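Chemist: There's a structure below that I have some questions on.
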Amino acid sequence: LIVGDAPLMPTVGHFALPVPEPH
Amino acid sequence: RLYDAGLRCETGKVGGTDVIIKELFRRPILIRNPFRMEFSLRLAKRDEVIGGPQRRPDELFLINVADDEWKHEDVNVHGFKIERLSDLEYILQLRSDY
Amino acid sequence: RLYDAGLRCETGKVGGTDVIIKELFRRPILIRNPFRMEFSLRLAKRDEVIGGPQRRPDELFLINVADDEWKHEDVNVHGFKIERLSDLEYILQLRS
Amino acid sequence: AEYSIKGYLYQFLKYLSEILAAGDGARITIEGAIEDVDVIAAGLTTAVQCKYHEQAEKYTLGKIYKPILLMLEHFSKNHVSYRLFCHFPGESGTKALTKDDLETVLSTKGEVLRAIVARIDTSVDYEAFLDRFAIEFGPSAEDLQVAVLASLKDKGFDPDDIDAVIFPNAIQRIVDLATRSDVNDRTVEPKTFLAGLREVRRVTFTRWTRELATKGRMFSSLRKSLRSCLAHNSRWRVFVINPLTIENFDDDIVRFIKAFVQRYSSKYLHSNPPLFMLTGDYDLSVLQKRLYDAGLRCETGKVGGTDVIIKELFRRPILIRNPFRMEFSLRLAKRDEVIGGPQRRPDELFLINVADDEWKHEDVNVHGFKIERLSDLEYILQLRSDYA
Amino acid sequence: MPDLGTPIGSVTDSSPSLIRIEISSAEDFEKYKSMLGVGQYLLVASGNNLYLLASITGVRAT
Amino acid sequence: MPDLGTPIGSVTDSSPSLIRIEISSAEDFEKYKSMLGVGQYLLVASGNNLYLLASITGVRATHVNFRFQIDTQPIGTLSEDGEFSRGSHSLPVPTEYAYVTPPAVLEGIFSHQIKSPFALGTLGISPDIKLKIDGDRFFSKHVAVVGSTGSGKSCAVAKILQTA
Ligand SMILES: Nc1ncnc2c1ncn2[C@@H]1O[C@H](COP(=O)(O)OP(=O)(O)OP(=O)(O)O)[C@@H](O)[C@H]1O
Ligand SMILES: [Mg+2]
């Protein structure tokens with residue numbers, strides 16, 4: 001959940017895993 | 001035959017030949033909702049039933065028999081003579097047509 | 001013709017050319033509100049029904065037939081002879 | 001009894017590798033194999049027969065005993081060019097053994113080996129086998145298939161789509177035209193395949209494709225594609241099937257239906273029973289009775305059992321919660337009899353070994369498969385754990 | 001602005017703070033369950049040519 | 001993944017926090033009463049090929065025939081193959097069935113998704129099974145043990161340290 005001055009309004013979202021995976 | 005037709009009877013016997021008055025003149029279980037009745041009629045032969053009840057019968061219909069031992073001054077007694085069973089249906093309002 | 005009229009029927013067949021007693025004699029689904037019914041009558045031919053029911057019938061009506069195997073002493077048999085079907089409706093209280 | 005399936009596959013992959021590195025205006029023709037029995041003898045009588053063996057470090061006569069030997073029975077039985085495929089480290093060359101090598105091998109010390117050679121007839125033109133037979137040293141299946149797909153990507157395709165829908169499809173067309181009984185032209189035009197394979201949209205489950213190495217990863221993609229469709233309680237799904245190609249059909253059709261309706265048509269929130277249609281001259285009544293024996297009822301849309309009424313075939317059934325009672329669970333008919341269409345269109349249509357149907361349309365999803373055993377389709381629909 | 005399609009339900013109560021919506025069919029809810037969770041947004045009408053955005057704070061099924 | 005048997009009851013009320021179940025037969029309750037206590041787990045159906053684990057936090061029984069109510073809280077989801085995920089998004093519509101968790105399922109869950117096993121005793125309903133908590137994170141940090149007189153604290157501490 002993103003909240004603050006940056007977003008137009010408070011929102012919820014789902015990530016997608018990055019490539020390459022960090023390790 | 002009555003069982004095949006769907007009816008249950010109280011005969012008043014516990015295994016043996018003999019008959020028991022207290023087990024033939026007893027009250028049945030009744031469940032109001034849903035309706036169930038333990039038994040709907042009584043049966044017996046006259047000779048086997050030796051004795052009497054504590055409360056005397058209100059109405060004693062006699063069909064083609066002259067005299068009995070259960071008749072009394074305080075019991076209502078109706079004696080008839082018939083040739084076939086269907087006449088009693090009319091007499092007792094089961095079927096209107098004669 | 002009965003389907004066009006509006007009614008639904010039970011015949012007893014399960015796809016083939018033979019009749020099954022348990023499927024012919026069975027209880028329908030019912031819904032009290034709103035009223036719905038699965039079928040309203042059960043139809044057949046006599047030759048195909050090979051056997052008898054579990055519970056004997058209360059009333060057997062016969063119209064111009066002499067005797068049937070389902071006659072019994074403990075069953076009520078009503079037997080008639082008529083020349084037109086309009087006569088029977090009067091007997092059965094469908095008209096005046 | 002041998003049937004040398006994997007070798008029979010090797011030269012199909014050879015053929016597609018030949019078509020691989022090919023310029024425009026190049027043509028190649030395949031020739032079938034004798035395992036097919038056709039008196040017509042179509043194909044110019046140019047059949048080919050092969051066998052494949054591995055795990056030999058350096059070439060010797062002793063390592064390669066049985067293969068060449070086992071060929072000769074065929075000759076004794078009756079342009080059938082025998083050939084052999086194998087890959088061994090340090091051996092990259094094609095050879096033809098001359099006379100003294102044949103006379104060398106003729107005698108065999110292994111006794112049970114010669115026990116059947118006794119089956120050989122005396123009248124043998126010895127050198128014909130030699131000049132006709134050829135030995136081939138080419139790469140083993142592993143790297144050849146690896147490079148096959150690694151380069152098939154070169155043209156330009158989706159990286160994953162090729163595994164489950166394309167590579168199994170081409171080998172199928174190849175081996176089809178290889179052994180098809182009725183005649184047609186073997187000639188193949190390279191560029192037109194690119195046109196056909198692009199538009200073709202189907203998945204193939206067959207005898208040859210399983211033997212392919214990539215098989216085992218084509219199952220799971222299809223299993224994971226249908227999960228979003230089959231996680232709904234109320235949907236309208238249709239099936240069409242063609243029972244000619246399927247094997248052991250009369251004994252397996254029933255179990256499939258029972259397993260499907262047990263999981264997908266057995267409760268109050270399931271309000272749209274499925275429909276099954278068959279094409280051909282099949283007799284339904286037997287199936288109807290066999291299912292009734294199991295405890296299920298059907299709607300066939302027949303009031304008087306001459307012809308079909310559509311409106312009754314697409315009606316909704318009665319339901320009762322406590323205790324559960326279901327008027328009917330499934331729908332059955334034959335496609336020829338059904339004339340017209342439903343008031344509401346399918347959400348999902350399945351076609352098993354059917355080329356086309358009149359109900360296709362843009363909104364509908366149209367899954368397609370080519371199947372030989374029905375046990376494969378259950379795993380796709382999540383009715384069993386392990387494949388064959 | 002663009003066509004929104006068919007609606008889920010109707011209003012059954014209102015106030016400056018709270019708004020309550022009512023659905024009546026199982027198929028529709030099962031179809032749109034992915035979009036009717038907490039923290040997501042809905043559009044409600046007011047007159048002609050004006051819409052109101054709302055955020056969900058509770059759900060109940062009986 | 002396995003066959004689960006006959007269901008005990010159906011859902012009557014739902015919400016993202018609370019789920020309510022109702023039984024109407026005494027024989028079934030008497031049959032499964034050993035596994036319908038507080039702390040135990042139930043499986044609820046949310047669509048074809050998906051399950052929802054819930055934890056019992058309240059039982060009630062009233063006759064005026066019999067009503068039995070059970071209340072739960074969602075914990076997570078379990079698919080057909082066996083994958084388990086924390087976070088309950090879905091809501092199970094009424095008329096759905098409730099089953100009793102077989103022990104093998106929990107045995108598998110503990111087998112596959114715990115990095116550093118450490119047995120802390122036996123399960124309640126089944127003594128044969130073992131309860132494997134993560135040993136790496138227990139000792140790394142603090143602990144607290146509390147109990148009243150006559151409950152077996154010191155023997156418990158003894159057992160923990162002995163296996164340690
Ligand atoms: N696992 C067990 N199960 C049943 N009984 C036990 C068990 N362990 C110990 N006991 C018996 O019951 C007692 C358990 O409680 P114990 O006195 O050991 O701790 P405690 O009650 O916390 O001591 P205190 O309360 O005096 O600090 C033991 O004295 C022993 O007699
Ligand atoms: Mg102590």
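All residue names refer to the structure tokens as shown: chains lettered A, B, ... in order, residues numbered from 1 in each chain, ligands numbered from 1 in order.
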Quick one: residues within 7 Å of range 73-83 of chain D, only C-alpha atoms, excluding same-chain residues fewer than 6 positions away - as a PyMOL selection string?

Modeler: chain D and resi 45-50+120-121+132-135

Chemist: Neighbours of ligand 1 at 6 Å or closer, counting only C-alpha atoms and all ligand atoms: which residues, as a tab-separated table (two decimals) with N, CA and C atoms, in the first residue's frame?

Modeler:
chain	number	residue	atom	x	y	z
F	149	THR	N	0.69	-22.94	39.56
F	149	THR	CA	1.19	-24.02	40.38
F	149	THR	C	0.58	-25.35	39.98
F	150	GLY	N	1.41	-26.38	39.96
F	150	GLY	CA	0.95	-27.72	39.72
F	150	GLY	C	0.69	-28.06	38.28
F	151	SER	N	1.32	-27.34	37.35
F	151	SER	CA	1.05	-27.52	35.93
F	151	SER	C	2.20	-28.12	35.15
F	152	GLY	N	3.37	-28.26	35.75
F	152	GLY	CA	4.48	-28.91	35.09
F	152	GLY	C	5.41	-27.98	34.36
F	153	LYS	N	5.76	-26.85	34.96
F	153	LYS	CA	6.67	-25.92	34.30
F	153	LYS	C	8.09	-26.45	34.30
F	154	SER	N	8.57	-26.89	35.45
F	154	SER	CA	9.98	-27.21	35.59
F	154	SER	C	10.36	-28.41	34.74
F	155	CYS	N	9.51	-29.43	34.71
F	155	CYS	CA	9.75	-30.55	33.81
F	155	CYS	C	9.77	-30.12	32.36

Chemist: At a cut-off of 12 Å, using only C-alpha atoms, what residues contact residue 77 in chain B? Leave out same-chain residues fewer than 3 positions from it and give the result as a ChimeraX atom specification.

Modeler: /B:57-63,65-68,70-74,80

Chemist: Kindly save the residues from that selection, with C-alpha atoms included, as a tab-separated table (two decimals), in the first residue's frame.

Modeler:
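The file below, selection-v1.tsv, is the result:
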chain	number	residue	atom	x	y	z
B	57	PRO	CA	-67.80	-49.50	27.47
B	58	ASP	CA	-69.98	-46.66	26.34
B	59	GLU	CA	-71.23	-48.40	23.19
B	60	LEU	CA	-71.43	-52.13	22.50
B	61	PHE	CA	-72.49	-52.88	18.94
B	62	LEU	CA	-73.70	-56.46	18.46
B	63	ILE	CA	-74.05	-57.74	14.89
B	65	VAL	CA	-75.24	-62.12	18.33
B	66	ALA	CA	-78.07	-62.36	20.85
B	67	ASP	CA	-76.55	-62.07	24.33
B	68	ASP	CA	-73.20	-61.28	25.91
B	70	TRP	CA	-70.73	-57.38	29.09
B	71	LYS	CA	-74.27	-56.02	28.82
B	72	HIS	CA	-75.44	-53.79	31.65
B	73	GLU	CA	-78.12	-51.32	32.62
B	74	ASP	CA	-75.70	-48.39	32.23
B	80	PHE	CA	-78.63	-55.62	14.51

Chemist: Would you please extract all strand (DSSP E or B) residues from range 3-73 of chain C, as assigned by DSSP on the backbone, and give them as a ChimeraX atom specification?

Modeler: /C:9-10,30-31,36-37,41-42,59-63

Chemist: Keeping only N, CA, C and O atoms, take the residues you just selected and write them out as an mmCIF file, in the first residue's frame.

Modeler:
data_model
loop_
_atom_site.group_PDB
_atom_site.id
_atom_site.type_symbol
_atom_site.label_atom_id
_atom_site.label_comp_id
_atom_site.auth_asym_id
_atom_site.auth_seq_id
_atom_site.Cartn_x
_atom_site.Cartn_y
_atom_site.Cartn_z
ATOM 1 N N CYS C 9 -45.223 -35.166 -19.093
ATOM 2 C CA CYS C 9 -45.634 -36.537 -18.852
ATOM 3 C C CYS C 9 -44.447 -37.387 -18.435
ATOM 4 O O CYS C 9 -43.293 -37.065 -18.719
ATOM 5 N N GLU C 10 -44.749 -38.481 -17.746
ATOM 6 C CA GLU C 10 -43.763 -39.491 -17.398
ATOM 7 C C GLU C 10 -44.126 -40.808 -18.064
ATOM 8 O O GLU C 10 -45.252 -41.301 -17.912
ATOM 9 N N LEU C 30 -41.303 -30.994 -5.779
ATOM 10 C CA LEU C 30 -42.298 -29.964 -5.571
ATOM 11 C C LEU C 30 -41.657 -28.779 -4.875
ATOM 12 O O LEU C 30 -40.751 -28.935 -4.053
ATOM 13 N N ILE C 31 -42.139 -27.593 -5.215
ATOM 14 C CA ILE C 31 -41.721 -26.347 -4.600
ATOM 15 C C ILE C 31 -42.979 -25.577 -4.251
ATOM 16 O O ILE C 31 -43.789 -25.274 -5.134
ATOM 17 N N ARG C 36 -43.966 -25.000 -8.478
ATOM 18 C CA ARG C 36 -43.331 -25.676 -9.589
ATOM 19 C C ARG C 36 -43.575 -27.161 -9.429
ATOM 20 O O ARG C 36 -43.644 -27.678 -8.313
ATOM 21 N N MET C 37 -43.719 -27.843 -10.554
ATOM 22 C CA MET C 37 -43.957 -29.271 -10.546
ATOM 23 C C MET C 37 -43.200 -29.921 -11.689
ATOM 24 O O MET C 37 -43.045 -29.342 -12.765
ATOM 25 N N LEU C 41 -48.713 -36.159 -15.090
ATOM 26 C CA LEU C 41 -49.386 -37.418 -15.361
ATOM 27 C C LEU C 41 -48.383 -38.482 -15.775
ATOM 28 O O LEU C 41 -47.271 -38.177 -16.215
ATOM 29 N N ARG C 42 -48.784 -39.748 -15.632
ATOM 30 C CA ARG C 42 -47.952 -40.858 -16.055
ATOM 31 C C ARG C 42 -48.716 -41.737 -17.036
ATOM 32 O O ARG C 42 -49.806 -42.229 -16.722
ATOM 33 N N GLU C 59 -57.637 -47.339 -6.101
ATOM 34 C CA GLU C 59 -58.750 -47.350 -7.037
ATOM 35 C C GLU C 59 -58.291 -47.735 -8.430
ATOM 36 O O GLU C 59 -57.370 -47.119 -8.990
ATOM 37 N N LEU C 60 -58.963 -48.735 -8.989
ATOM 38 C CA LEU C 60 -58.732 -49.187 -10.347
ATOM 39 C C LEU C 60 -60.001 -48.972 -11.152
ATOM 40 O O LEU C 60 -61.033 -49.592 -10.867
ATOM 41 N N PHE C 61 -59.926 -48.101 -12.152
ATOM 42 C CA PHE C 61 -61.038 -47.820 -13.040
ATOM 43 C C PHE C 61 -60.850 -48.570 -14.344
ATOM 44 O O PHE C 61 -59.753 -48.583 -14.914
ATOM 45 N N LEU C 62 -61.930 -49.157 -14.833
ATOM 46 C CA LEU C 62 -61.918 -49.903 -16.076
ATOM 47 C C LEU C 62 -63.041 -49.440 -16.988
ATOM 48 O O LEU C 62 -64.209 -49.406 -16.578
ATOM 49 N N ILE C 63 -62.682 -49.079 -18.219
ATOM 50 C CA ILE C 63 -63.625 -48.563 -19.199
ATOM 51 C C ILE C 63 -63.615 -49.523 -20.377
ATOM 52 O O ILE C 63 -62.742 -49.445 -21.245
#

Chemist: What does the structure give for the distance between CA of residue 316 in chain D and CA of residue 352 in chain D, in Å to one decimal?

Modeler: 26.3 Å

Chemist: Determine, counting only C-alpha atoms, which protein, DNA and RNA residues have an atom within 10 Å of an atom of range 33-45 of chain B; residues of the same chain fewer than 3 positions away are not included. Present the result as a ChimeraX atom specification.

Modeler: /B:7-13,19,24-25,27-30,48-49

Chemist: Any idea which chain D residues end up within 7 Å of chain C if we count only C-alpha atoms, as a ChimeraX atom specification please?

Modeler: /D:285,288-289
